[PDB]
Number of protein chains: 2
Amino acid sequence: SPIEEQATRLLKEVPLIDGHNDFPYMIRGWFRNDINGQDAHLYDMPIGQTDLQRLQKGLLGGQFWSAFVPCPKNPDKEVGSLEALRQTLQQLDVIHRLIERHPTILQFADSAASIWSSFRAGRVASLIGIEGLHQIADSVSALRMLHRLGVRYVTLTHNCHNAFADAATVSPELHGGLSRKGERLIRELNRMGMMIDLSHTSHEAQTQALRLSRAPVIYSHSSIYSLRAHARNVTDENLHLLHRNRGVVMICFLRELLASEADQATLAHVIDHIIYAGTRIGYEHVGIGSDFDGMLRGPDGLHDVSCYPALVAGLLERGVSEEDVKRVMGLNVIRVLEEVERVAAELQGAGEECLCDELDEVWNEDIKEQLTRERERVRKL
Amino acid sequence: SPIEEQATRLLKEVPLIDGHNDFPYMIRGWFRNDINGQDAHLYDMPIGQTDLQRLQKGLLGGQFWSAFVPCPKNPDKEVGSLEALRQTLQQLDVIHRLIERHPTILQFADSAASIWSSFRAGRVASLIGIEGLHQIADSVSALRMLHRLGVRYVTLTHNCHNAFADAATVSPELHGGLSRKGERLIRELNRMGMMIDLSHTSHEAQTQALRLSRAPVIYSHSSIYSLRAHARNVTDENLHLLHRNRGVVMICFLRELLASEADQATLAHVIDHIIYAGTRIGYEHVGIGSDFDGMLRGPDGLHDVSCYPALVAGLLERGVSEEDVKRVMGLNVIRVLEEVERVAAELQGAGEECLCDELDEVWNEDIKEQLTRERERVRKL
Ligand SMILES: [Fe+3]
Ligand SMILES: [Fe+3]
Ligand SMILES: [Fe+3]
Ligand SMILES: [Fe+3]
């Protein structure tokens, strides 16, 4: 078929970069992050929508791998918050080991340039995101260290309220959008060069974040509200504010977000949602955000990671131009990451003050007097 | 003076690399890790033994900056252990920000090659160590992520027992040296390329670690037992086992470790301890491990970081050769780090299995059956 050969050529020309895949959490579920001697199973998994053979088969160019851990469920709220931080380091650890043990398939990337060089080499560009600010345990210092470990986006919430923002699926609201701490964190996220992800956040939290952010943001896995009403889908108001922000909505394959009856969801529905967004806010602000392995079953025609060529062929078949399809595949998300880096370098170059954690005093006044007296004794020598 | 000009020439030829300095903890105590607009104070501190002006003045070539946090003091033992992990990320964060805000003075290094290139440029080579396995909150995954953040040594204990080893200053003993988990961690530390530090550990814990380690280790700040009996000083038995291990004892400036009366401790005592070790196990296994800012007051002649030229001149004055003084200054600790990297690359090249954390099951058998049934449905398509 000429349309299938066209799709194959496009997948070789530019990288298809998917916004969200929870394959690392499946490895925690199935292997408990012990991948020693499991190469055969990693290439041909007995569960889930992702493995290394099917990842090659679908011709995917890049992937933001999710370092998701669940919302804290402990009655002791201090323990649960701190537990999520330790679990986050476990998930980042298994992601890095997964990449390092399979360098012919996966190559780590943390920038627009590292995505391209990975793609030139024939590797799946392997980026990282965390899915909820509950994962940082109220520590902005921890956030900056997660950035140093390779994290390049932060979903502001999962399905739980935190100190910074409101999740979509939980009622009643806590902050009514972003908190006072949340507003201040947006500045710090822009300053450090961390891409903001608005999937899972409430409609009001999206509106406030889209006005306040000095860099373009993403929805790593969300769909369109006007086609299917859900708390997790993006309203026409927020799509318009995404346009002004210069961000990208990466369209989701979740069946519940594409149709009222989940078993009726299809490849065609995903293409409808892409075309809706592209028509109304331009094809330079739309992406692909599967959420593979964040679901049991996918839509008809998008059952696993091998099915990306069918999506590309489908978009071309509806009359979306090559240039616009290339944008949706990956160019748009690369641009956002590029702009997030440029804004961070500009703010860091101007010498903007970083956000610091509120720490307890470790010394009393007696200790501080001893230290000052000691310093002046040394000055006399 | 010809001996002072000789010392100045040596300090320019090779880097003096100090084993331990807790300046980052002083910044937590005094500033609470908020260094915004504090450059004037960072160059001329009102407290402590370290600042950026005196660091230049003493002609120090490199420094392992301590990311120390205190032993957990919480009655809830889960909270205290997890709290130490969050505090560790705060200390690593302020160390990185300290280096990034002062690039003319400090430059990050994580290897023998990065130490030299930093020294060629005229910067203080800025490395990182953590001071106690209580800082990892029982997570080997967290340990590997600390390595990725730039940590290049781990003191096995501070002044508290942990799941892996016994501290020197706490009685009674818990494990009687290393635990079963501790023995297994030694293999993982050698595999990942993390330098083992035996300061603060018990005499028996040192003996067991020195026999079991496949890479050379250090004492980042310890002194000689035969000259002054203390639980924190190295016995003649362990000095001999350090020789076989090919490790380095980095001599400490702590007054309590150099003399029975702390107020009698001097520069001469530090030189006595270096010469004792060098004479008995060779000058290629001795280093300098100040522990500046882990103490209120230093010995006479070693009051702060400006005093390193007096130590170098003092060693030359006692008849220690230039080549041997260069070794003590930094060549020895560079060699250990070099060998720790070479052993890690060899074991990683052979494909040795990494140590994994013991995780809870997140899925019950009903969820696992749904996932396998779903996988086989996809195989039928
Ligand atoms: Fe997810
Ligand atoms: Fe999700
Ligand atoms: Fe210390
Ligand atoms: Fe110490």
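Each position is counted from 1, following the chain as shown.
When the header is checked for method, it gives X-ray crystallography, 2.4 Å.
Using N, Cα and C of the backbone, Cβ positions are placed for all residues, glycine too.
As annotated by Swiss-Prot, Zn(2+) binding site applies to A:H20, A:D22, A:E131. Taken from Swiss-Prot, the feature disulfide bond covers A:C71-A:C160, and the record attributes it to sequence analysis. Per Swiss-Prot, the feature substrate binding site maps to A:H158, A:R232, A:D291; the stated evidence is sequence analysis.
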Sequence-ordered recorded positions from A:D22, A:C71, A:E131, A:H158 with Cβ under 6 Å of an atom of ligand 1: A:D22, A:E131
Greatest inter-residue Cα distance in Å for the substrate-binding set A:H158, A:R232, A:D291: 13
Recorded positions clustered about A:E131 (Zn(2+) binding site) [Cα within 10 Å; pool: A:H158, A:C160, A:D291]: A:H158
A:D291 (substrate binding site) versus recorded positions A:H20, A:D22, A:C71, A:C160 - nearest by Cα: A:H20
Nonlocal residues around A:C160 (disulfide bond), in sequence order (Cβ under 8 Å, 6 or more apart): A:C71, A:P72, A:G132, A:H134, A:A167, A:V170
Neighbour-count leader, CB within 10 A, binding-site residues: A:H20, A:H158, A:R232: A:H20
Rounded inter-Cα distance in Å - A:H158 (substrate binding site), A:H20 (Zn(2+) binding site): 13
Cβ within 8 Å of the mean position of the Cβ atoms of A:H158, A:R232, A:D291: remaining residues of the chain near substrate: A:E131, A:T155, A:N159, A:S199, A:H200, A:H221, A:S222, A:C252, A:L254, A:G294
Extra residues within 8 Å (Cβ to Cβ centroid of A:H20, A:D22, A:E131), Zn(2+): A:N21, A:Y25, A:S66, A:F68, A:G129, A:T155, A:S220, A:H221, A:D291, A:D293, A:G294
C-alpha spacing of A:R232 (substrate binding site) relative to A:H20 (Zn(2+) binding site), in angstrom: 15
Which of A:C71, A:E131, A:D291, the listed recorded positions, has fewest other Cβ atoms within 10 Å: A:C71
Alpha-carbon spacing, A:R232 (substrate binding site) to A:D22 (Zn(2+) binding site), which is rounded to whole Å: 17
Long-range Cβ environment of A:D22 (Zn(2+) binding site), under 8 Å and at least 6 residues apart: A:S66, A:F68, A:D291, A:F292, A:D293, A:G294
Three-state secondary structure, which DSSP defines for A:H20 (Zn(2+) binding site): strand
